[PDB]
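Heads up, the chain below is alone and in the form deposited in one PDB entry; it's given as C-alpha cells.
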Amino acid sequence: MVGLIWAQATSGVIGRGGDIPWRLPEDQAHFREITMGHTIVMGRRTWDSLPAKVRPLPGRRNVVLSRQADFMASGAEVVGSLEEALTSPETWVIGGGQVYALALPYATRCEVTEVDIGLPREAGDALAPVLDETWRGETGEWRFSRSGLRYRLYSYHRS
C-alpha cells in the first residue's frame, strides 16, 4: 500500500519559494495522525524544508529520495531510486511536487487537505498531482482554522 498525503490551495499550489504558502496548524495534526508509525517518503527538497526540530519527523521511518549517491540526511534513509524507496507495505509519500508525480502511479490512496485560500499558480511553484477518473473519493465538511482559513479533507482511493 502506497499513499500520497498533501495540503493544497484550491488552485493546486502546494509550495512556493521552498515553503508552504500558508499556516494551518490543524493540518499538521492530521498529517501526524495519518503518518505516525509508518514509513514516509519525501524528495530531498522536502527534507531540506523540514524545520530542524522535526528533521527527521519523529516516530516514522524517514526515507529521502536524492540523485546524489552520498547525500547526508541524518536520521533518514537516503535512496537514489523510487523502487528502493517504496519497499515498506504501508508507505506514505509526503512530498514534494516532483515526488508526488513520480509516486502517483504506485498509489492507491490519497489524503488531501484543500485550503480555501486565493493563491493563483505562479511559474516555479510546487503543484499537487491531478487526480483522474480512476479515483473514487469522499469529501469532508468545510471547517474554519484558527488562522482564519477554511479547509476540508478528502480521502481518495482506487483498487
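Counting begins at 1, following the sequence as shown. Note that the rigid core is defined as the largest set of C-alphas that superpose within 1.5 Å between two forms.
Of the two stretches examined, 50 to 58 and 36 to 44, the record assigns the greater average C-alpha temperature factor to 50 to 58. 92 to 100 and 111 to 119 differ in mean CA B-factor, and the higher of the two is recorded for 111 to 119. Per the deposited record, the Cα B-factor of residue 69 falls in the highest third when ranked against the other modelled residues of its chain.
In this PDB entry, the Cα temperature factor of residue 17 sits in the middle third of its chain's modelled residues. Ranked by C-alpha B-factor against the other modelled residues of its chain, residue 159 falls in the highest third.
One more form of this protein should be noted, the form deposited in another entry, which is absent from this view; the next part is about it.
Relative to the superposed core, residue 130 undergoes a C-alpha shift smaller than 2 Å between the shown form and the other one. Once both forms are fitted on their core, a CA shift of 2 Å or more is seen for residue 54 between the shown form and the other one.
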